[PDB]
Every structure is written in structure tokens, then in C-alpha cells.
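Novice: Coordinates in entry_8.pdb, PDB, C-alpha atoms, are listed below.
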```pdb
ATOM      1  CA  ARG K 696     149.095 128.528  84.814  1.00  0.00           C
ATOM      2  CA  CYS K 697     150.165 132.089  84.573  1.00  0.00           C
ATOM      3  CA  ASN K 698     146.723 133.058  83.389  1.00  0.00           C
ATOM      4  CA  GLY K 699     144.856 132.226  86.495  1.00  0.00           C
ATOM      5  CA  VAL K 700     142.767 129.667  84.641  1.00  0.00           C
ATOM      6  CA  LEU K 701     144.436 126.764  86.296  1.00  0.00           C
ATOM      7  CA  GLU K 702     144.138 128.424  89.631  1.00  0.00           C
ATOM      8  CA  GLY K 703     140.473 129.051  89.165  1.00  0.00           C
ATOM      9  CA  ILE K 704     139.995 125.408  88.453  1.00  0.00           C
ATOM     10  CA  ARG K 705     141.891 124.522  91.613  1.00  0.00           C
ATOM     11  CA  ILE K 706     139.815 126.720  93.834  1.00  0.00           C
ATOM     12  CA  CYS K 707     136.811 125.275  92.144  1.00  0.00           C
ATOM     13  CA  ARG K 708     137.787 121.740  92.830  1.00  0.00           C
ATOM     14  CA  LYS K 709     138.124 122.438  96.493  1.00  0.00           C
ATOM     15  CA  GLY K 710     134.157 122.868  96.828  1.00  0.00           C
ATOM     16  CA  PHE K 711     131.754 121.519  94.296  1.00  0.00           C
ATOM     17  CA  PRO K 712     133.873 119.598  91.797  1.00  0.00           C
ATOM     18  CA  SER K 713     131.573 118.227  89.105  1.00  0.00           C
ATOM     19  CA  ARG K 714     129.268 120.813  87.602  1.00  0.00           C
ATOM     20  CA  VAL K 715     126.538 119.821  85.210  1.00  0.00           C
ATOM     21  CA  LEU K 716     125.126 121.968  82.534  1.00  0.00           C
ATOM     22  CA  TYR K 717     121.365 121.850  82.644  1.00  0.00           C
ATOM     23  CA  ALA K 718     120.416 120.269  79.275  1.00  0.00           C
ATOM     24  CA  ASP K 719     123.353 117.959  79.622  1.00  0.00           C
ATOM     25  CA  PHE K 720     121.593 117.252  82.887  1.00  0.00           C
ATOM     26  CA  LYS K 721     118.136 116.728  81.518  1.00  0.00           C
ATOM     27  CA  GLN K 722     118.848 114.271  78.763  1.00  0.00           C
ATOM     28  CA  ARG K 723     121.098 111.964  80.760  1.00  0.00           C
ATOM     29  CA  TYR K 724     118.897 111.736  83.826  1.00  0.00           C
ATOM     30  CA  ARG K 725     115.271 112.504  82.856  1.00  0.00           C
ATOM     31  CA  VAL K 726     114.709 108.759  83.082  1.00  0.00           C
ATOM     32  CA  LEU K 727     115.188 108.739  86.878  1.00  0.00           C
ATOM     33  CA  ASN K 728     111.685 110.066  87.747  1.00  0.00           C
ATOM     34  CA  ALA K 729     111.050 110.087  84.205  1.00  0.00           C
ATOM     35  CA  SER K 730     107.662 111.769  84.311  1.00  0.00           C
ATOM     36  CA  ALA K 731     108.551 114.568  86.744  1.00  0.00           C
ATOM     37  CA  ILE K 732     112.175 115.093  85.686  1.00  0.00           C
ATOM     38  CA  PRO K 733     111.281 115.176  81.949  1.00  0.00           C
ATOM     39  CA  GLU K 734     108.529 117.697  82.562  1.00  0.00           C
ATOM     40  CA  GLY K 735     110.952 119.849  84.551  1.00  0.00           C
ATOM     41  CA  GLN K 736     113.701 119.734  81.896  1.00  0.00           C
ATOM     42  CA  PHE K 737     111.351 120.428  79.001  1.00  0.00           C
ATOM     43  CA  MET K 738     109.264 123.036  80.819  1.00  0.00           C
ATOM     44  CA  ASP K 739     112.273 125.062  81.803  1.00  0.00           C
ATOM     45  CA  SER K 740     115.686 124.073  80.553  1.00  0.00           C
ATOM     46  CA  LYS K 741     116.950 125.007  83.978  1.00  0.00           C
ATOM     47  CA  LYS K 742     113.796 124.929  86.149  1.00  0.00           C
ATOM     48  CA  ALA K 743     113.543 121.336  84.931  1.00  0.00           C
ATOM     49  CA  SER K 744     116.735 119.965  86.493  1.00  0.00           C
ATOM     50  CA  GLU K 745     115.481 121.783  89.493  1.00  0.00           C
TER      51      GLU K 745
ATOM     52  CA  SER C   3     106.599  77.501 114.920  1.00  0.00           C
ATOM     53  CA  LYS C   4     102.945  76.726 115.066  1.00  0.00           C
ATOM     54  CA  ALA C   5     102.587  78.933 117.393  1.00  0.00           C
ATOM     55  CA  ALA C   6     101.891  76.677 114.413  1.00  0.00           C
ATOM     56  CA  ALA C   7      99.971  78.929 112.044  1.00  0.00           C
ATOM     57  CA  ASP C   8      98.246  76.449 109.732  1.00  0.00           C
ATOM     58  CA  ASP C   9      96.406  79.315 108.036  1.00  0.00           C
ATOM     59  CA  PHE C  10      99.539  79.957 105.952  1.00  0.00           C
ATOM     60  CA  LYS C  11      98.925  76.565 104.348  1.00  0.00           C
ATOM     61  CA  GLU C  12      95.262  77.393 103.853  1.00  0.00           C
ATOM     62  CA  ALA C  13      96.246  80.643 102.146  1.00  0.00           C
ATOM     63  CA  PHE C  14      98.563  78.688  99.842  1.00  0.00           C
ATOM     64  CA  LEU C  15      95.492  76.781  98.674  1.00  0.00           C
ATOM     65  CA  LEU C  16      93.843  80.113  97.840  1.00  0.00           C
ATOM     66  CA  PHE C  17      96.765  81.271  95.692  1.00  0.00           C
ATOM     67  CA  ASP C  18      97.406  78.023  93.833  1.00  0.00           C
ATOM     68  CA  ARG C  19      95.221  78.161  90.731  1.00  0.00           C
ATOM     69  CA  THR C  20      95.803  74.508  89.768  1.00  0.00           C
ATOM     70  CA  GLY C  21      94.927  72.946  93.142  1.00  0.00           C
ATOM     71  CA  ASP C  22      98.073  70.692  93.121  1.00  0.00           C
ATOM     72  CA  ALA C  23      99.469  72.374  96.294  1.00  0.00           C
ATOM     73  CA  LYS C  24     102.354  74.122  94.530  1.00  0.00           C
ATOM     74  CA  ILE C  25     102.887  77.853  94.076  1.00  0.00           C
ATOM     75  CA  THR C  26     105.144  79.233  91.341  1.00  0.00           C
ATOM     76  CA  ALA C  27     108.205  81.273  92.295  1.00  0.00           C
ATOM     77  CA  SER C  28     106.718  84.419  90.742  1.00  0.00           C
ATOM     78  CA  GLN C  29     103.825  84.347  93.220  1.00  0.00           C
ATOM     79  CA  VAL C  30     106.026  83.968  96.306  1.00  0.00           C
ATOM     80  CA  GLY C  31     106.800  87.695  96.535  1.00  0.00           C
ATOM     81  CA  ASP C  32     103.139  88.711  96.635  1.00  0.00           C
ATOM     82  CA  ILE C  33     102.121  85.851  98.921  1.00  0.00           C
ATOM     83  CA  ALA C  34     104.762  86.752 101.494  1.00  0.00           C
ATOM     84  CA  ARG C  35     103.190  90.189 101.493  1.00  0.00           C
ATOM     85  CA  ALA C  36      99.726  88.657 101.884  1.00  0.00           C
ATOM     86  CA  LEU C  37     100.902  86.646 104.914  1.00  0.00           C
ATOM     87  CA  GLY C  38     102.047  89.816 106.687  1.00  0.00           C
ATOM     88  CA  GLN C  39     105.605  90.269 105.430  1.00  0.00           C
ATOM     89  CA  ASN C  40     107.058  93.138 103.419  1.00  0.00           C
ATOM     90  CA  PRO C  41     110.341  92.023 101.800  1.00  0.00           C
ATOM     91  CA  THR C  42     111.516  94.379  99.064  1.00  0.00           C
ATOM     92  CA  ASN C  43     111.428  92.963  95.534  1.00  0.00           C
ATOM     93  CA  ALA C  44     115.233  93.058  95.216  1.00  0.00           C
ATOM     94  CA  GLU C  45     115.468  91.045  98.415  1.00  0.00           C
ATOM     95  CA  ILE C  46     113.009  88.475  97.104  1.00  0.00           C
ATOM     96  CA  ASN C  47     115.044  88.447  93.906  1.00  0.00           C
ATOM     97  CA  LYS C  48     118.418  88.044  95.632  1.00  0.00           C
ATOM     98  CA  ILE C  49     117.419  85.307  97.985  1.00  0.00           C
ATOM     99  CA  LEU C  50     116.031  83.375  95.008  1.00  0.00           C
ATOM    100  CA  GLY C  51     119.225  83.721  92.940  1.00  0.00           C
ATOM    101  CA  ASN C  52     121.317  83.335  96.075  1.00  0.00           C
ATOM    102  CA  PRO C  53     119.886  79.786  96.200  1.00  0.00           C
ATOM    103  CA  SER C  54     120.659  79.197  92.428  1.00  0.00           C
ATOM    104  CA  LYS C  55     116.908  79.506  91.785  1.00  0.00           C
ATOM    105  CA  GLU C  56     115.963  81.015  88.423  1.00  0.00           C
ATOM    106  CA  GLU C  57     112.677  82.926  88.266  1.00  0.00           C
ATOM    107  CA  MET C  58     113.218  83.197  84.487  1.00  0.00           C
ATOM    108  CA  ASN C  59     112.289  79.581  83.715  1.00  0.00           C
ATOM    109  CA  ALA C  60     109.156  77.662  84.695  1.00  0.00           C
ATOM    110  CA  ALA C  61     108.790  77.119  88.437  1.00  0.00           C
ATOM    111  CA  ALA C  62     106.656  75.082  90.765  1.00  0.00           C
ATOM    112  CA  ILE C  63     106.516  74.923  94.377  1.00  0.00           C
ATOM    113  CA  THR C  64     106.074  72.996  97.271  1.00  0.00           C
ATOM    114  CA  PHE C  65     105.002  74.057 100.614  1.00  0.00           C
ATOM    115  CA  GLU C  66     108.271  72.662 102.046  1.00  0.00           C
ATOM    116  CA  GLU C  67     110.286  75.424 100.378  1.00  0.00           C
ATOM    117  CA  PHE C  68     107.758  78.216 100.726  1.00  0.00           C
ATOM    118  CA  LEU C  69     107.425  77.762 104.484  1.00  0.00           C
ATOM    119  CA  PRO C  70     111.197  78.258 105.216  1.00  0.00           C
ATOM    120  CA  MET C  71     111.385  81.182 102.737  1.00  0.00           C
ATOM    121  CA  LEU C  72     108.580  82.924 104.630  1.00  0.00           C
ATOM    122  CA  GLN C  73     110.428  82.205 107.874  1.00  0.00           C
ATOM    123  CA  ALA C  74     113.633  83.689 106.454  1.00  0.00           C
ATOM    124  CA  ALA C  75     111.734  86.808 105.404  1.00  0.00           C
ATOM    125  CA  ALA C  76     110.025  87.126 108.798  1.00  0.00           C
ATOM    126  CA  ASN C  77     113.165  88.346 110.577  1.00  0.00           C
ATOM    127  CA  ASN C  78     113.326  91.369 108.299  1.00  0.00           C
ATOM    128  CA  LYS C  79     110.034  92.805 109.603  1.00  0.00           C
ATOM    129  CA  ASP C  80     112.069  94.843 112.131  1.00  0.00           C
ATOM    130  CA  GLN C  81     112.875  97.197 109.227  1.00  0.00           C
ATOM    131  CA  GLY C  82     109.250  98.461 109.113  1.00  0.00           C
ATOM    132  CA  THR C  83     109.517 101.622 111.233  1.00  0.00           C
ATOM    133  CA  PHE C  84     106.808 104.229 110.713  1.00  0.00           C
ATOM    134  CA  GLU C  85     108.925 107.089 112.076  1.00  0.00           C
ATOM    135  CA  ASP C  86     111.121 106.952 109.017  1.00  0.00           C
ATOM    136  CA  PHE C  87     108.191 106.643 106.621  1.00  0.00           C
ATOM    137  CA  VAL C  88     106.512 109.815 107.840  1.00  0.00           C
ATOM    138  CA  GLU C  89     109.823 111.669 108.156  1.00  0.00           C
ATOM    139  CA  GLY C  90     110.732 110.711 104.586  1.00  0.00           C
ATOM    140  CA  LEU C  91     107.628 112.441 103.264  1.00  0.00           C
ATOM    141  CA  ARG C  92     108.066 115.316 105.737  1.00  0.00           C
ATOM    142  CA  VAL C  93     111.415 116.096 104.105  1.00  0.00           C
ATOM    143  CA  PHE C  94     109.750 115.842 100.681  1.00  0.00           C
ATOM    144  CA  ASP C  95     107.569 118.959 101.043  1.00  0.00           C
ATOM    145  CA  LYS C  96     108.050 122.416 102.593  1.00  0.00           C
ATOM    146  CA  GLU C  97     106.062 124.059 105.429  1.00  0.00           C
ATOM    147  CA  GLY C  98     104.734 122.584 108.672  1.00  0.00           C
ATOM    148  CA  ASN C  99     101.882 120.444 107.340  1.00  0.00           C
ATOM    149  CA  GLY C 100     102.021 116.969 105.830  1.00  0.00           C
ATOM    150  CA  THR C 101     100.981 117.436 102.187  1.00  0.00           C
ATOM    151  CA  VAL C 102     102.628 116.119  99.024  1.00  0.00           C
ATOM    152  CA  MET C 103     101.496 117.626  95.738  1.00  0.00           C
ATOM    153  CA  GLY C 104      99.691 114.835  93.825  1.00  0.00           C
ATOM    154  CA  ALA C 105     102.051 114.362  90.881  1.00  0.00           C
ATOM    155  CA  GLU C 106     105.188 114.475  93.049  1.00  0.00           C
ATOM    156  CA  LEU C 107     104.255 111.308  94.896  1.00  0.00           C
ATOM    157  CA  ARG C 108     102.883 109.616  91.794  1.00  0.00           C
ATOM    158  CA  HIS C 109     106.012 110.121  89.702  1.00  0.00           C
ATOM    159  CA  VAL C 110     108.332 109.240  92.585  1.00  0.00           C
ATOM    160  CA  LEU C 111     106.476 106.006  93.354  1.00  0.00           C
ATOM    161  CA  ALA C 112     106.546 104.920  89.722  1.00  0.00           C
ATOM    162  CA  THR C 113     110.096 105.884  88.720  1.00  0.00           C
ATOM    163  CA  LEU C 114     112.287 105.957  91.835  1.00  0.00           C
ATOM    164  CA  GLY C 115     113.834 102.654  92.845  1.00  0.00           C
ATOM    165  CA  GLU C 116     111.468  99.706  92.660  1.00  0.00           C
ATOM    166  CA  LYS C 117     109.087 100.686  89.866  1.00  0.00           C
ATOM    167  CA  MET C 118     105.451 100.692  90.922  1.00  0.00           C
ATOM    168  CA  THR C 119     103.000 100.781  88.027  1.00  0.00           C
ATOM    169  CA  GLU C 120     100.942 103.933  87.656  1.00  0.00           C
ATOM    170  CA  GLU C 121      97.830 101.760  87.988  1.00  0.00           C
ATOM    171  CA  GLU C 122      98.963 100.726  91.483  1.00  0.00           C
ATOM    172  CA  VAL C 123      99.972 104.301  92.304  1.00  0.00           C
ATOM    173  CA  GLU C 124      96.475 105.537  91.443  1.00  0.00           C
ATOM    174  CA  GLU C 125      94.934 102.767  93.553  1.00  0.00           C
ATOM    175  CA  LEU C 126      97.036 103.864  96.547  1.00  0.00           C
ATOM    176  CA  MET C 127      96.117 107.564  96.289  1.00  0.00           C
ATOM    177  CA  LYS C 128      92.423 107.020  95.540  1.00  0.00           C
ATOM    178  CA  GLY C 129      90.491 108.463  98.468  1.00  0.00           C
ATOM    179  CA  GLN C 130      93.341 110.048 100.437  1.00  0.00           C
ATOM    180  CA  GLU C 131      94.012 112.759  97.885  1.00  0.00           C
ATOM    181  CA  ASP C 132      91.128 115.140  97.235  1.00  0.00           C
ATOM    182  CA  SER C 133      90.696 117.682  94.393  1.00  0.00           C
ATOM    183  CA  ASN C 134      93.069 120.243  95.966  1.00  0.00           C
ATOM    184  CA  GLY C 135      95.986 118.160  94.634  1.00  0.00           C
ATOM    185  CA  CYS C 136      97.437 117.762  98.132  1.00  0.00           C
ATOM    186  CA  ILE C 137      97.948 114.371  99.721  1.00  0.00           C
ATOM    187  CA  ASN C 138      97.970 114.437 103.506  1.00  0.00           C
ATOM    188  CA  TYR C 139     100.583 111.797 104.292  1.00  0.00           C
ATOM    189  CA  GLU C 140      99.817 111.712 108.004  1.00  0.00           C
ATOM    190  CA  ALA C 141      96.537 109.981 107.212  1.00  0.00           C
ATOM    191  CA  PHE C 142      97.932 108.477 103.999  1.00  0.00           C
ATOM    192  CA  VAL C 143     100.699 106.524 105.751  1.00  0.00           C
ATOM    193  CA  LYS C 144      98.265 105.638 108.519  1.00  0.00           C
ATOM    194  CA  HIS C 145      95.914 103.998 106.010  1.00  0.00           C
ATOM    195  CA  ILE C 146      98.791 102.325 104.161  1.00  0.00           C
ATOM    196  CA  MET C 147      99.831 100.701 107.439  1.00  0.00           C
ATOM    197  CA  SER C 148      96.231  99.661 108.148  1.00  0.00           C
ATOM    198  CA  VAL C 149      96.525  96.779 105.683  1.00  0.00           C
TER     199      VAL C 149
END
```
Transcribe the structure of this file into C-alpha cells.

Specialist:
Amino acid sequence: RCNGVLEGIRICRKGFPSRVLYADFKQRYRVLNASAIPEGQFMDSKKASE
Amino acid sequence: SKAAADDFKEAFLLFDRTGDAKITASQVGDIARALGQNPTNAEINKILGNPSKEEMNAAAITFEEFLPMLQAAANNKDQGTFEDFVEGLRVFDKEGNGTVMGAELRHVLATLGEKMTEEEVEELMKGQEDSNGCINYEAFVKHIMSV
């Protein structure tokens, strides 16, 4: 609390709450447009999710 | 109503492979589309189940159930607005010209929502997409609404 850590979380949560890490994003959702999302995730760990 | 369109009964004789004048419940989705109705497959699925009708076990039909199911699907044809179809694909690609990159439309039509096979996706792009890899959806949606 006194760190600022809890205040940084606050300010975060006011905003864009949930924030997904890219691989953690690939794996779980590739299946949605399976062909085009898998290619993206594999082809660039980040560029993929994009 | 008849306007009694008796050609719906003549088209049921073209889709019944046994000639007994019954059409299975698995054919009713595609035959409503062939009579000039586009109900989504989840809608065709719901209605069926809604009426405690299981498409999982053997099914038969009679014209006396298929006629009122086509008349219950015929009110939903007011959902077929072409402004929203062309504006959907206009938000799908940048710049002021209606072109989807080939593989974007093919992977979205196979994996997003109601799964269309990649065989049917290739049969719907065949002729409208040339070797530049860019599908002009102004003429593509025009030809899709020509059938």
C-alpha cells in the first residue's frame, strides 16, 4: 500500500482492467479463427495476437 | 397463402430421395434456403429443439410440418439488409476501396461463428477473387445476393 504497487493497480483498473500476455493469449484463443489466429501467434508471438 | 405457391411442394419432391413425400429434419435447413429463406443454422436448430424435436435421432417428414416451418421462417427475411453486409466488410479492411485479403475472408468464414467448411468457402470465392489476393466485396456481395 505504502509502496505504490497497490495504487498502480488501482489506476490501472480504472481504464483497461484485464491485460493478456501474448502467448497466454495465443494458446487460449487460437481456436477462434483458428487458421488466421494460429498463424499470427506462431509467426510473431506478439504480431500473432494482433 | 397460395398466393398459394404449389412449387414448394414440387421442390419437396426434388429433395426427397425416397419418393415417399417426406423430408428428413436434417434437410429442412438447406431446403428453406433453396425456397428463398435464409434462417441461420442456430435458429433452425433452436426452433427444432424448441418444439421437442431431436435432429440427433432418425427423422421423417411430412409436408404438413415443413410448410408451417417455412412459414415461420419467412417472417425473419426482414433481417437480410445489404447495407450491413457491405459495411461489415468495409470495417474489415483499411483504405477507401472494398478489398479483403484472400485468407482473411477464408479463415473468418470457416472459423468465426457458424463454421463454414473450407470447401464451401473456396466455392464462394472462386471467380470473384483474382490472383492479386484481393477480393472486391462490392461485386462479391452483389453476386452472393444474386442467388

Novice: Counting all atoms listed in the file, which residues of chain K sit at most 9 Å from some atom of chain C, and what is each one's closest atom pair with its distance in Å to one decimal, listed by chain and rising residue number, as a tab-separated table?

Specialist:
```
residue	atom	partner	partner_atom	distance
K:726	CA	C:113	CA	7.8
K:727	CA	C:113	CA	6.1
K:728	CA	C:113	CA	4.6
K:729	CA	C:113	CA	6.2
K:730	CA	C:109	CA	5.9
K:731	CA	C:109	CA	5.9
K:732	CA	C:109	CA	8.9
```

Novice: As a ChimeraX atom specification, please: the residues near residue 30 (chain C) (cut-off 9 Å, only C-alpha atoms, same-chain neighbours under 2 positions excluded).

Specialist: /C:25-28,32-35,46,68,71-72

Novice: As a PDB file with C-alpha atoms, keeping the file's coordinate frame, please: the residues near residue 722 (chain K) (cut-off 12 Å, all atoms listed in the file, same-chain neighbours under 4 positions excluded).

Specialist:
```
ATOM      1  CA  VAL K 715     126.538 119.821  85.210  1.00  0.00           C
ATOM      2  CA  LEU K 716     125.126 121.968  82.534  1.00  0.00           C
ATOM      3  CA  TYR K 717     121.365 121.850  82.644  1.00  0.00           C
ATOM      4  CA  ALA K 718     120.416 120.269  79.275  1.00  0.00           C
ATOM      5  CA  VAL K 726     114.709 108.759  83.082  1.00  0.00           C
ATOM      6  CA  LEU K 727     115.188 108.739  86.878  1.00  0.00           C
ATOM      7  CA  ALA K 729     111.050 110.087  84.205  1.00  0.00           C
ATOM      8  CA  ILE K 732     112.175 115.093  85.686  1.00  0.00           C
ATOM      9  CA  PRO K 733     111.281 115.176  81.949  1.00  0.00           C
ATOM     10  CA  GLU K 734     108.529 117.697  82.562  1.00  0.00           C
ATOM     11  CA  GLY K 735     110.952 119.849  84.551  1.00  0.00           C
ATOM     12  CA  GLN K 736     113.701 119.734  81.896  1.00  0.00           C
ATOM     13  CA  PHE K 737     111.351 120.428  79.001  1.00  0.00           C
ATOM     14  CA  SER K 740     115.686 124.073  80.553  1.00  0.00           C
ATOM     15  CA  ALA K 743     113.543 121.336  84.931  1.00  0.00           C
ATOM     16  CA  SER K 744     116.735 119.965  86.493  1.00  0.00           C
TER      17      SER K 744
END
```

Novice: So, with all atoms listed in the file as the atoms that count, which of C:6, C:88, C:63, C:13 lies closest to residue 147 (chain C)?

Specialist: C:88

Novice: Would you compute an axis-aligned box for region 20-27 of chain C, covering every atom listed for it in the file with 8 Å of margin on each side, and report centre and edge lengths in Å to one decimal as JSON?

Specialist:
```
{"center_x": 101.6, "center_y": 76.0, "center_z": 93.0, "size_x": 29.3, "size_y": 26.6, "size_z": 22.5}
```

Novice: Counting only C-alpha atoms, which of C:100, C:38, C:50, C:122 gets nearest to residue 82 (chain C)?

Specialist: C:38

Novice: Quote the spacing between CA of residue 136 (chain C) and CA of residue 103 (chain C) in Å to one decimal place.

Specialist: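 Here the two named atoms are 4.7 Å from each other.
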